[PDB]
Every structure is written in C-alpha cells, then in structure tokens.
Amino acid sequence: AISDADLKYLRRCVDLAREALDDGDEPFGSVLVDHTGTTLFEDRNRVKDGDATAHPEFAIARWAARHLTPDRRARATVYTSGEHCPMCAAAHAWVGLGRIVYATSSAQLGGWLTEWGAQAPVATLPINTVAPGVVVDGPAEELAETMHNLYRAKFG
Amino acid sequence: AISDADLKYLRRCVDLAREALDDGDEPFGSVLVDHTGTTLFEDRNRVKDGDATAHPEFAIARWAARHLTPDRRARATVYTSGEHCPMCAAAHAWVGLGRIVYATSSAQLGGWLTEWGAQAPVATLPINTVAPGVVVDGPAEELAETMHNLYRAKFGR
Ligand SMILES: O=c1nc[nH]c(=O)[nH]1
Ligand SMILES: O=c1nc[nH]c(=O)[nH]1
Ligand SMILES: [Zn+2]
Ligand SMILES: [Zn+2]
C-alpha cells in the first residue's frame, strides 16, 4: 500500500534529495512521521564533509532513539527517497522504528550505478534481508525516472 | 590468520566487553589499531542510555572518518569481541577501513541467543555479505567459551 498521503511524503523526500544534491552532497532525503501524521523530523544526506556514514535514515534512527519512547517509534513511519542501505536498515530495526516507505529500491540504484561504473562498497541488500520484521512498502514506480535523474546528476 | 599480536588485541576487546557488561550495557568491545601497532581508539557498547545503535565498531568507523586519511584507514585494523552486526559492517565499509578480526562470529552468538530465546531484530549476516571487499579473520577458538560466558551473563536464562 502506497497511499496518496504516502506519495506526498515521498515527494518531500525527493525535494530533500535535490536539496542535498544542490548543496554538494548525495541525493537522499528522508522524513519521520508520527502516527497522527505530524512530521517529527526531516533530514538529507550530508556526506560531503568527510563522513560517509552521514545518511539521513541513520540520523532519523538516532533522533528517534533520543526523542521518542519505543511505543511511539513502533507507530512512526519513515519515508525515504532511496531504500535504506544495510547500515540504515539495521539502525532502524535496532531502535525499533516501524513502517518504511521508499521511492526507489536499492536494486534500482545498484543497477544504475553499475551502468555508470560507480558501485558502492556496501552490498545492495533489500531491507528485509537486514531487518526481517520491518514492514516495507516501495518502490513508488511513478518516482523512478525523477530519482534516476538526481542519481545520474551525482553519479553519472 | 590470527597472530599472537592479534589475539592480544582480541583479549583487550573481551576486557572491554566485560567492562560494558559490568556497567549495565551489552558485552561488546572493540579496538582500532594503526599499522604501527599503536592503539588509536578503544570503545565498548553503550546502549543502556536507550540508544540501541551505540555499538563500538560504529563509533570506531566514525572516529576513523574524522581523524584518519583514507590511506591510513585502509592500513588500520579493527578488532572486536563479536563480529560486526550489519549496521557496523556497512559503516566500516562506507568509511573505507581495512581488516577486521573478531573473537566470535555473529552465527555463534545467534545460535546462543536462540538457546535463550533472545533473538535480535537485525539479521546475523556475515560481514562479507554486507561488505564484500573487507578482509575478515576469525573467530578465535581460544576465546569461544570466554565469550559464551559473557554473552550468557547478559542474555542467558
Ligand atoms: O544517504 C544514503 N542513504 C542510503 N544509501 C546511501 O548510499 N546513502
Ligand atoms: O555493540 C554491538 N556490536 C555488534 N553487535 C551488537 O549487537 N552490538
Ligand atoms: Zn544508509
Ligand atoms: Zn553493530
């Protein structure tokens, strides 16, 4: 299930990814939403200053650990422009966050990166290989070409 | 594949894991060693304050990204009492650290946790399934029962 409301959040993730690209970082953005539908926290990739672990899903996991009780974490949704790498999927599950919705799969990105000779040093594992209990929805097919464009701008 | 010097560092990791256990955290310890044999940073698990991501291998990855050039990271070694979880294995690869030596594998721990009904929400994937290019050595048969007992002291029933 990717609802109309889900797609709106995913479109905000894409806007954050573009913000990251325009700032010199890599095009990934993510938002954390409460069960009430209140946006709690938003972030984007910040690796350009030297720390390759500065992925927004990871920032969300640590933010949730600090600011939400486990019960609220479990009922929260994370939206992301790109499917959590294994680092971020593992962090998500460790802190006990709930549903993940992503725009493009890590398989999509890995395929595109392979076309450009830009493969990552971390494997493109689907979230549920890393985090078997997490409910995962995605990809949103309507956002494939849009995200491919941002990825190409960075890695192409 | 585990030298005398390597085993000394793994024994320090077990000491750090015991410090963690005694302090109310979980028994994981890690050390980052330069190519010269100097200890650069030592850490242990700190999850008791409510952040389940407070793993020492991850702290080491961020320490490396802050303080070391890529060439120095590639020549550094990370020792750990327990094989990196996927969070920590990925972080290690993202930052471009080098060899990992571990005392016990995540499969070993996973089997033991199953004995106690204390399964993690993160899969027990081998490091090279997450980070295919990393050189990985371990486990160390000499530290199997030591580490089994420390894990039992936190997770056992
Ligand atoms: O910021 C990021 N988020 C997911 N994967 C990735 O490579 N980078
Ligand atoms: O601190 C930790 N380091 C690795 N795995 C784990 O579950 N915890
Ligand atoms: Zn990530
Ligand atoms: Zn870990």
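Numbering of ligands and ligand atoms starts at 1, following listing order. Residue numbers begin at 1 in each chain, while the letters A, B, ... track the order of the sequences. Every heavy atom of this structure was used, including side-chain atoms; hydrogens, water molecules and symmetry mates were not.
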Checklist entry - Is there a donor-acceptor pair closer than 3.5 Å between any side-chain N or O of B:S81 and the backbone N or O of B:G29? => result yes
Next on the checklist: Check this for me - ligand 1, A:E57, N or O atoms closer than 3.5 angstrom, yes or no?
Outcome noted: yes
Next on the checklist: Which of the numbered atoms in ligand 1 are under 4.0 angstrom from any heavy atom belonging to B:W94?
Outcome noted: 7 (O)
Checklist entry - What part of A:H84, side chain from CB on, backbone N/CA/C/O, both or neither, has a heavy atom under 4.0 Å from ligand 1? => result neither
Next on the checklist: Regarding A:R62 and A:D43, does a basic nitrogen lie under 4.0 Å from an acidic carboxylate oxygen?
Outcome noted: no
Next on the checklist: Pair B:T69, B:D71 - check side-chain hydrogen bond (donor to acceptor under 3.5 Å, both in side chains), show working.
Outcome noted: CA-CA 5 Å; B:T69 58; B:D71 178 75; 5.3 Å; no
Checklist entry - Passes side chain to side chain contact (heavy atoms under 4.5 Å, CB included), B:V101 versus B:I2? Steps please. => result CA-CA 8 Å; B:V101 190; B:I2 297 172; 4.2 Å; yes
Checklist entry - Are any of the side-chain heavy atoms of A:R11 and A:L143 separated by less than 4.5 Å? => result yes
Checklist entry - B:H55: which N/O/S atom is nearest the Zn ion (ligand 4)? => result ND1
Checklist entry - Regarding A:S30 and A:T80, is there a side-chain donor-to-acceptor distance under 3.5 Å anywhere? => result yes
Checklist entry - Do any heavy atoms of A:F58 fall under 4.0 Å from ligand 1? => result no
Next on the checklist: Could you tell me, atom by atom, which parts of ligand 1 come under 4.0 Å of a heavy atom of A:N45?
Outcome noted: 1 (O), 2 (C), 8 (N)
Checklist entry - Quick check: does A:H84 have an N/O/S atom under 2.8 Å of the Zn ion (ligand 3)? => result no
Next on the checklist: Which of the numbered atoms in ligand 1 are under 4.0 angstrom from any heavy atom belonging to A:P56?
Outcome noted: 1 (O)
